[PDB]
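Coming up is one lone chain in structure tokens, specifically the form deposited in one PDB entry.
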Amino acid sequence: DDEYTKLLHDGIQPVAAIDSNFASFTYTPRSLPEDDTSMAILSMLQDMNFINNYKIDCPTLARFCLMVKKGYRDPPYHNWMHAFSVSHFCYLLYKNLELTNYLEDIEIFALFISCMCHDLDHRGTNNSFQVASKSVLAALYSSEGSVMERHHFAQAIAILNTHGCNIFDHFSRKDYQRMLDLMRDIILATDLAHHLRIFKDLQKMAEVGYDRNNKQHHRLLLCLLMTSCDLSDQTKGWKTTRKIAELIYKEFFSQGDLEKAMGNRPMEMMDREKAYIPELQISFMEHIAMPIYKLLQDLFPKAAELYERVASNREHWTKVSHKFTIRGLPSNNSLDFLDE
């Protein structure tokens, strides 16, 4: 209760008081210490005027925010700080790219809340592993796909249906249903499999030009912005990309270890013996990350800097790829590592 007490009664700090650069793309939200992140969630909500506009109950909101935070486990990458930094990028798009000209207020509110909840209760493993290991989640959800993402959605709903946690309690039936509909759509788009299916449609949308009167264009745009948030670590400095590669490949390799204890051949990228991290990083950037921010740039001309930094961070990887080949002796002055 003490964290809840202080988060509820101390008041909401202004976004500038968190960091002077808080509303800028150049700022890295991972540098904020975890114990401050719940306050920063409230301050962003305050600053986007969602608390006032939707008359969100503050006691309810405090509990909800902490419940979402304590709904994340602690694998190398898919932990609370990922959700937080993903939500922050959603805040950055609101401040810097004028989402109100494209999207309804409620759709913008949904995206931000979806960002907070999109990876709840993740276990450092992807959808394929759920079927392979025959986990509880596959048993539930494998027949429509997007296993983890459906679980992510279900967990967020469980948080809403916990007593005193339903930040939308006072919404009309029609607003409540719209908000949960949005959360379904938005969270399921976090499966990169989904993104790859809607990619042609996203290109179509960019070519012809955005149409605020077109209901499909809203749905498509909402998906693109979610993925943009989900991969937003790539739009920062080189250093952030470096660290995030380290965290995800730790997570991934751990899965591989389990897969081959269960007698399966992991996919190259899960395999610590086979995975060449430089080619995999560049490949993810080229085929997945870069074209997303290209499309984001195509729809928002003010999002050019984001594509530019991802493109530059890709160049940075190619330049450092040679450090993965050992020259001379490895500073041990030993070649004991070869006895196998």
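For the two forms, the rigid core is made up of the largest set of C-alpha atoms that agree within 1.5 Å on superposition. Only residues modelled in both forms are compared. Sequential numbering from 1, following the sequence displayed.
Below, we turn to the form deposited in another entry, even though it does not appear here.
Core-superposed comparison between the shown form and the other one: the Cα of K319 travels less than 2 Å. Here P14 does not count as shifted, since its C-alpha moves by less than 2 Å between the shown form and the other one after the core is aligned. In this core-based overlay, residues 9 to 11, 325 to 338 form runs of three or more whose Cα positions differ by 2 Å or more between the shown form and the other one.
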